[PDB]
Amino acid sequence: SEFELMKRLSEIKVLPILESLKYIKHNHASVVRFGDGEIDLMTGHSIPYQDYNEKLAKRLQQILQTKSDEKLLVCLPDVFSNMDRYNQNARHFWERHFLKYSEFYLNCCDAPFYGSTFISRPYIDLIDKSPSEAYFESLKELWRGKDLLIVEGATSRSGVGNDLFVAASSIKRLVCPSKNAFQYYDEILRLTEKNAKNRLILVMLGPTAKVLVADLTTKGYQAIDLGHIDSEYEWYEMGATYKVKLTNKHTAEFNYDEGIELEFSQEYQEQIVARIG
C-alpha cells in the first residue's frame, strides 16, 4: 500500500550534497531545487511565503520536466533512499509528504538523475553532522574569488553577520519581497539581468527563485538556487542541535517572519543595488 509507494519512489536517484556540488562545478551549471513547498504550489496549494499562482505553478512544472543538462542541475529532496541519514522527525515529515503527493511524485520525475535539494540544507536534520564542514567548505568554493549578485528577500540577509561569503570578491544584492516575490516577478527578472554582468548569481527566493534561475539560464546566465543556506550556516556555526529562531533575520521554517529585530549592517547596505516591492 503506502509502503509499496515508498519503494517505487526509491527509483528516483538523487546525487547527495557533495556529489551535487561536483556536477555544478564541472558544467558550471545553474542549479534549481524543488522542495516540499514547490510540490505544494504545483499541486495547487499556498505556502507560508508564496500564495498559489497559476503561472508560477505551470512554470515550476515545466522546469521540473527539464532534464538535468549541461546548463542546469534540477534537484529533488534527497529522501528517496537512505532516509536513515536524517533524524526521526525529518524522516516522518518527508515520507508523509511524498505519500500525500503520491499522485504527483509517481508521474513527475523520470529523469535519469537529480541533484540534491539539500545542498542548501546541509546540517540541521542530519544525524551525523561530520561531513557538514566538508559540505560548507565545498559550497564556499562556488563563490571564492567570484563577483556575486545575490537575489534574495528583505529578511533573508544571506551571510549578514557571518563569514559565509567573506571570500567573494564583491557582492551586489537585489533585495526583493520576503513573501510573495512572484507578485513582482517581471521586475525581479528585469533587474537581475541588468545587474548580473560578469557575476555569479545566487538566488534565495523560495518558489520564485526556481523560475528566476530557469529564465536566467535561458538567457545564458549561471544562477544557483541556494534557498535557506544562511539559516543552516548560522545553526552550524552555533553548533546547534535543533532549529533555533534567529533574532536578526529570517529563519528557515519560521516563515511568517514574525519577531525579527533588524539591524543596520552598513556592509550589507552598501551591497544593495536596488529594492523591489
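Residue positions are given as counts along the sequence shown, with the first one as 1.
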| item | value |
| --- | --- |
| Which of 22-30 and 231-239 has higher mean CA B factor, as the PDB entry lists it | 22-30 |
| Residue range whose averaged C-alpha B-factor is higher in the record, 50-58 or 32-40 | 50-58 |
| Criterion, highest CA B-factor; candidates, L200, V79, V151, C108 | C108 |
| Per the PDB entry, maximal CA B factor within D186, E95, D163, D125 | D186 |
| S158, C-alpha B-factor rank within chain (lowest, middle or highest third) | lowest |
| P177, C-alpha B-factor rank within chain (lowest, middle or highest third) | middle |
| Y135 - Cα temperature factor, lowest/middle/highest third of chain | highest |
| Third of the chain's Cα B-factor distribution that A168 belongs to, per the entry | middle |
| Within-chain third of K100 by Cα B-factor, per the entry | middle |
